Ligand code: CLA
Ligand code: CLA
Ligand SMILES: CC1=C(/C=C/C(C)=C/C=C/C(C)=C/C=C/C=C(C)/C=C/C=C(C)/C=C/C2=C(C)CCCC2(C)C)C(C)(C)CCC1
Ligand SMILES: CC1=C(/C=C/C(C)=C/C=C/C(C)=C\C=C/C=C(C)/C=C/C=C(C)/C=C/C2=C(C)CCCC2(C)C)C(C)(C)CCC1
Ligand SMILES: CC1=C(C/C=C(\C)CCC[C@H](C)CCC[C@H](C)CCCC(C)C)C(=O)c2ccccc2C1=O
Ligand SMILES: [Ca+2]
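Chains as they are written, first to last, in PDB author numbering: chain A, 10 to 505, 534 to 788; chain C, 2 to 81; chain I, 5 to 46; chain M, 1 to 31; chain D, 21 to 159; chain L, 10 to 172; chain J, 2 to 44; chain F, 25 to 159.
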């Protein structure tokens, strides 16, 4: 029975504990004996599961901390709209969104950095942003900078609500544990009230703000004749010259929905499914129909689970009935117990939830990246080549960090919240009980793909060096065609069953070329041998990332080395130099190594993207129809030797960031060197250990004891785990800033 | 076949024996302590080398040393 | 040219010794050198 | 004028002298 | 010798390998007053029986990892045996029948140095001698 | 009840009785492979293992090798690959047999090992195996070489072109 | 209560962070002393 | 050295003046670089001749070494100010800003303070005061 039960003023509101940091840990809250206490105060600030013990008080910290997080995002969202309001050329870019470059965030004249305020077209000097905010505000219906400014104001006051709601729900009315543990009611409101009503609300905006505004902006009315979005509703006659097949009145225009005469809506809720050829983005009428289909289908989804009115589903014994008197015969191997005791896993522990919710938010972010290039939803998005690359690349990296974090808390769940009694012989226990057959076969497929993806690049690298291009894995030598992916590219373009979609979704699949401002918005992306080989690099690097991360989850509890690895904790350096050496046996140390493999995998994904667009998709169209790509078919022939990657992609395409001094791209030249420093700097922490460094402090503490200037916060070299965390935080920081600088210097030097 | 030597600086705090995952250490009666105990290592072919006993010894520059020597099939902890 | 030749004297000698020391002799050598590192001390 | 055909074989049998004197010494150092 | 009923356990992958019946193997034997579930040192969970329990483990560390888990079920009557492949079974834990944290009589100071660790001899003293610096019969 | 049992009923063994290793079909297939067939001298174990391998090992070099462009030369490059892979493999199991069987084989070849997945534990049994593997992998390589160098003559007689 | 707050404001990092914010003379001093100030120039 | 000439008489540096925008940065500073020893490439340089630049290779060095010692002295004198208070364990994590400021005003005249630290035999700790290792 779902009920709202809360406490009344559980935690007082005072600065008593601000003046005594480290209060959350009893070991931290007794004095700063060494500098290790300083670092422990930050590595433990958010591990609420070690501050207290009861799930009621832990969950109140989680729920209140989310509010302060939503406040931070609203501060950041406000900053985006405020900069788009009074520090941008957004007004100029609305008039001519081809020759004007998008730019907010101008630069102050000090230190000679005014050179970064490059020319943007229209006499505006700033930095060419690649975040795609402008392409999104045009699709939202923004026309002037007052609407942007008042949204920034509307976000700051919205952040203040998030801060108040977090203080209110920790210090005034904190919910009890019964309010948290009804996840079955939370799914109803998140599926229907949040995702269903959210996309119902948005399709309300699309039809009444975005569809009319982008209708007139495609006819060139130049921001005078654009009515303000409310003047489309106060003047309903104004939307009859547009979409005349509807009626557009308060009551008289809405009744086709209720009387089910939905044919009057066919002019603004279309199912065209292609790219709007004047802007290159998706048809907003086709987008508005999508959100209405999504809204209807999510509100329906939110009625699946059973709250206190009897009707609905119960997750508890939908799980408990996945035993094996009742499965398909070929997958009846998962236990007589099956899934029993697994609803208590995903309800009594937040790390179990965080592991799944991160691994799916991470996978969603990578799926989103793949979908926002192959079918750009925003006007003039696809032609801004610097935004297409920087939006795909941002969301692949964001999606890959989240996936590694889903494997972190899958391992923190094991060594902190895993309960053997509720998990006896069930689906989770039967995995730990054969975890050597899972890792043996993962370590074999990781190794099968390693030879059959990378070592074929060393075959090609050697035949082309010998001068035997006819025995290399080329399109001209030994062809490796992606047979099953060229088949799908044929399936997805002949289905235009699904007959109503007369325009092919995703010109990437095939058919037609869209050129908007002369630049190609989207072309078919054909797959040859170079795409067979690069896709098995992706399979290989994803698998080893899975192998590193899954090994840390399965062997988090114990191993054949250390049968009591769970008592040592989640984050321990080692178990001594015995057994030959047990360095990095913790589950944390498999997250630390999986971060490197995430870096390797995703930096190969964004390199596959960046080169394949420049060679096969992007480019410019002349007065005949031929397409001259940015690198000109370079991927097909020279991406098959990893000498070709080094000269035709890394050496060749870094010309824009190398020769960027004394120009407006000067800051990408410094970031590109800055990323190189931080990567090399990381290797100090990765290759060395803290015995050398601690013994070096002793010789430096002596020089301070001599001059009577020693501190009482005794200088200790960083922990073993801390030193490994510093190493991976800098390797990933430095190795990404250098890629971020290289991508954007290359594509803001072109367009 | 490691070498877990115990020195006269023990205080009989007994903590080294508890940390040992393989029962190499045990207490014998002694007289150089208020505790009247001292660690001994009768089962050192069983020593795995983890030095978990050295982490527990509270005497400054600890009384129990694992001296990693000839490593054999049970001092490396191999189940295969 | 389209072949490996030799202007130097006894040009037939690389023809046989590059196969010998590199892919014909090492596996006998790695077998002899294997029998030596894995012999019982009885 | 490169070295003659026979001079290569003369070096082959001459270099067989330190080839066996290496066996002399490697085994005398008790491999 | 050794005997007991094996716990309810669906069999694992982390259990005994070819080293069990070729070099030697361990057995932990304990008595439980209740039919509850314990964590397997080789991964998984098993239900310990009502009478005499017997479990075969590959290495001694697993047995004392499990033995340390049994003390959290208030069970301190476990015995660890070592089964050589020819078949005889040695009693190795607790060696004297009382737990090593306890002090008996009759146990001997073995590998005890009667000096501070600070005055171990320099390695030059034992140069070209059989002993190491840490055996060092001086002091 | 459950289809995944402890391996031969011992829960402490590091394996599981699974449909892949302990099925009526899967046990019948693996335990009648020449490595495991009851009733074979080690020579016939190796002879049948050898010929299966020499036969298929000439394939990957005669159609995607360096000599694939021509016809008569492709088959030589494929045969000698099977010659070299097998000679080095049979060199491997002569030196395997020398170095494991030296009085009390440390591992699965001990006298008290009771292991079913490798039943050749003698050095009288590993020497006929070496001869079988060698002579088998040579005859299989030649037979796949003779069938491939005569492919035009063999394509005719399986098409009736020879009347 | 405004006794524990003022101790927090001067604790460890807020003194350090404010010091680096207060060490912004290199922004004012180098804004109006004709920013280019190399070693042989300034007196 | 005589290869270096003032930017007054330097053909490669008047060219720098010719193609120079202003905006704030390449006129007000660049006139002041005319008094510097200027290479054969139009780039101001730091040479060490004789008394000609003996005051200019002392203005940066005197300004830095004073304020580096000023930071060092106030930071040092604040440390002993709290070691004697027997509260230095938490006196360091929570900076006592009235005490620290009073230790900064002692550090204005630090060059004459260090002399009477040294002449009193009080700056430097004696050798068997200092924790060391086995050696
Ligand atoms: C002025 C209002 C106020 C006051 C006096 C307090 C006071 C207190 N809170 Mg509370 N809280 C508040 C508002 C307030 N809170 C709001 C608005 C939220 C919603 C987020 C919370 C949510 C909250 C939780 C979940 C908890 C507390 C706790 C506490 C107690 C411990 C003090 C402490 O956390 O140490 C720390 C002192 C600080 C100043 C921490 C501030 C760190 C901020 C949030 C960093 C976030 C922004 C950061 C700069 C991001 C930018 C990074 C960028 C540079 C890259 C203390 C009595 C804890 C408790 O109950 O103790 C057992 C507890 O766990 N609070
Ligand atoms: C150490 C000096 C040295 C080195 C680096 C080489 C290197 C080479 N020789 Mg050789 N060679 C040498 C001395 C050396 N030679 C001498 C002194 C003679 C006179 C007999 C020869 C006669 C010779 C012939 C006939 C041929 C070569 C050939 C070659 C090339 C292919 C490898 C090979 O088959 O050689 C085979 C090795 C020998 C014939 C015997 C040389 C061994 C010398 C005498 C001692 C080397 C052992 C070394 C000192 C110990 C180090 C071992 C370990 C610690 C690393 C290669 C570049 C082939 C060629 O021409 O390439 C196109 C070729 O067929 N060499
Ligand atoms: C698992 C399985 C499978 C597979 C199989 C396989 C893998 C295959 C194969 C196969 C093979 C791989 C076969 C083979 C063969 C062979 C043979 C049949 C041989 C032979 C030979 C001979 C006869 C030789 C002879 C000789 C000699 C000895 C010497 C002299 C020369 C000559 C030539 C005369 C499947 C899925 C299908 C199904 C079933 C199960
Ligand atoms: C002038 C010149 C030069 C030269 C120089 C030299 C050559 C020198 C030297 C010198 C020396 C020979 C020195 C030294 C020293 C010694 C000692 C012994 C010291 C010390 C110190 C101290 C004692 C310190 C103190 C302090 C202070 C002062 C403050 C802070 C705190 C402290 C404590 C740190 C050059 C070319 C560069 C430049 C130009 C000219
Ligand atoms: C360099 C290094 C260290 C030493 C790292 C240190 C000492 C961290 C240096 C950070 C400095 C000390 C920051 C201190 C900032 C001070 C508080 C100064 C600020 C004062 C002003 C703000 C006024 C390790 O401990 C280590 C451990 C394991 C593997 C590799 C390594 C490793 O490479
Ligand atoms: Ca070929």
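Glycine residues also receive a C-beta, built at the ideal position from the N, C-alpha and C atoms.
Any heavy atom of ligand 2 closer than 7 angstroms to the CB of residue 5 (chain I)?
False, no ligand heavy atom lies under 7 angstroms from that Cβ.
At a threshold of 7 angstroms, does residue 97 (chain F) count as lining ligand 4 (C-beta to nearest heavy atom)?
Yes; taking the cut-off as 7 angstroms, the Cβ of residue 97 (chain F) has a heavy atom of ligand 4 nearer than that.
I'd like the ranges of any alpha helix (DSSP H) spanning at least 4 consecutive residues and lying wholly in the stretch 651-684 of chain A.
Taking only runs of at least 4 residues, the alpha helix (DSSP H) segments lying wholly in the stretch 651-684 of chain A are 671-675.
Does any CB atom of chain J fall closer than 8 angstroms to the CB of residue 27 (chain A)?
Closer than 8 angstroms: yes.
How would you write the range of the beta strand (DSSP E) that residue 136 (chain A) sits in, first residue to last?
From DSSP, the beta strand (DSSP E) with residue 136 (chain A) extends over 134-137.
Using the Cβ count rule (16 or more neighbours within 10 Å means buried), how would you classify residue 81 (chain D)?
Looking at its Cβ environment, which holds 16 or more other Cβ atoms inside 10 Å, residue 81 (chain D) is buried.
Return helix, strand or coil for residue 593 (chain A), following the three-state DSSP convention.
Three-state result, residue 593 (chain A): coil.
Can you tell me whether residue 82 (chain F) is buried or exposed? The criterion is at least 16 other CB atoms within 10 Å of its CB, across all chains shown.
By the neighbour-count rule (16 or more Cβ atoms within 10 Å), residue 82 (chain F) is not buried but exposed.
Residue 314 (chain A) bridges to which residues according to DSSP?
Note: residue 314 (chain A) sits in a beta bridge opposite A:322.
Spell out the partners DSSP gives residue 422 (chain A) in its beta bridges.
DSSP output for residue 422 (chain A) lists no bridge partner at all.
Could you tell me the distance, in whole angstroms, from the CA atom of residue 649 (chain A) to the CA atom of residue 118 (chain A)?
One C-alpha to the other measures close to 39 angstroms.
Starting from the Cα of residue 671 (chain A), find the closest Cα among A:202, A:484, A:335, A:431 and give me that residue.
Minimum Cα distance to residue 671 (chain A) is reached at A:484.
According to a CB-to-CB cut-off of less than 9 angstroms, which residues of the stretch 47-70 of chain C neighbour chain A?
From the stretch 47-70 of chain C, only 48, 49, 50, 51, 52, 53, 55, 56, 67, 69 have a Cβ closer than 9 angstroms to chain A.
Quick check: residue 395 (chain A) and residue 114 (chain A), are their CB atoms within less than 8 angstroms of each other?
Not a contact, by the Cβ cut-off of 8 angstroms.
Using 8 angstroms as the threshold, is the stretch 778-786 of chain A in touch with the stretch 703-711 of chain A, meaning 3 or more CB pairs across them?
Contact between the stretch 778-786 of chain A and the stretch 703-711 of chain A is present, because at least three Cβ pairs lie under 8 angstroms.
Exposed or buried, which one is residue 348 (chain A) when buried takes at least 16 other CB atoms within 10 Å?
Residue 348 (chain A) is buried by the Cβ-count criterion.
List the endpoints of the continuous alpha helix (DSSP H) containing residue 558 (chain A).
From DSSP, residue 558 (chain A) is part of no alpha helix (DSSP H) but of the beta strand (DSSP E) over 557-559.
Go through its chain and collect everything with a Cβ distance to residue 201 (chain A)'s Cβ below 6 angstroms, but skip five positions before and after it.
Result list for residue 201 (chain A): 308, 311, in chain order.
In this structure, how does DSSP classify residue 45 (chain C) when only helix, strand and coil are distinguished?
Residue state, collapsed to three classes: helix.
Please confirm whether any heavy atom of ligand 1 lies closer than 7 angstroms to the CB of residue 77 (chain A).
Yes; taking the cut-off as 7 angstroms, the Cβ of residue 77 (chain A) has a heavy atom of ligand 1 nearer than that.
Cβ-heavy atom distance between residue 81 (chain A) and ligand 1 below 7 angstroms?
Yes, since a heavy atom of ligand 1 falls inside the 7 angstroms radius drawn around the Cβ of residue 81 (chain A).
Which residues have their C-beta within less than 5 angstroms of a heavy atom of ligand 3, listed in chain order?
Working through the chain, the matches are L:60, L:61, L:64, L:65, L:148, L:149, L:151, L:152.
Find the nearest neighbour of residue 717 (chain A) within the set A:738, A:728, A:772, judged by alpha-carbon distance.
Comparing Cα positions, the closest option is A:772.
Around the Cβ of residue 488 (chain A), are there at least 16 other Cβ atoms within 10 angstroms (buried) or fewer (exposed)?
Per the 10 Å Cβ criterion, exposed.
Does any residue of chain A have a CB that is nearer than 8 angstroms to the CB of residue 32 (chain D)?
Output row for residue 32 (chain D): interface = yes.
Using CA atoms only, rank isn't needed, just tell me which of J:10, J:4, J:32, J:26 is closest to residue 117 (chain F).
Minimum Cα distance to residue 117 (chain F) is reached at J:10.
Measure the CB-CB distance between residue 404 (chain A) and residue 365 (chain A) and report whether it falls below 8 angstroms.
No, the Cβ-Cβ distance between residue 404 (chain A) and residue 365 (chain A) is not below 8 angstroms.
Show which residues of chain J have a CB atom less than 8 angstroms away from the CB atom of residue 119 (chain A).
Those within 8 angstroms of residue 119 (chain A) in chain J are 28, 31, 32, 36.
Taking only three categories from DSSP, how would you classify residue 17 (chain C)?
Helix, per DSSP.
Quick check on the burial criterion: 16 or more other C-beta atoms within 10 angstroms. Buried or exposed for residue 337 (chain A)?
With fewer than 16 Cβ atoms within 10 Å of its Cβ, residue 337 (chain A) is classed as exposed.
According to the Cβ coordinates, are residue 11 (chain C) and residue 54 (chain C) closer than 8 angstroms?
No; because the gap between Cβ atoms is not below 8 angstroms, this pair is not in contact.
Kindly indicate the opening and closing residues of the alpha helix (DSSP H) around residue 100 (chain D).
Here residue 100 (chain D) belongs to no alpha helix (DSSP H); instead the beta strand (DSSP E) covers 99-103.
At 7 angstroms on the CB atoms, spell out the chain I contacts of residue 111 (chain L), in chain order.
Within 7 angstroms Cβ-Cβ: 44.
I'd like the span of the beta strand (DSSP E) that includes residue 30 (chain C), first residue to last.
Unbroken beta strand (DSSP E) run through residue 30 (chain C): 27-30.
Where do the N-terminal and C-terminal ends of the beta strand (DSSP E) with residue 5 (chain C) fall, by residue?
Start and end: 4-8.
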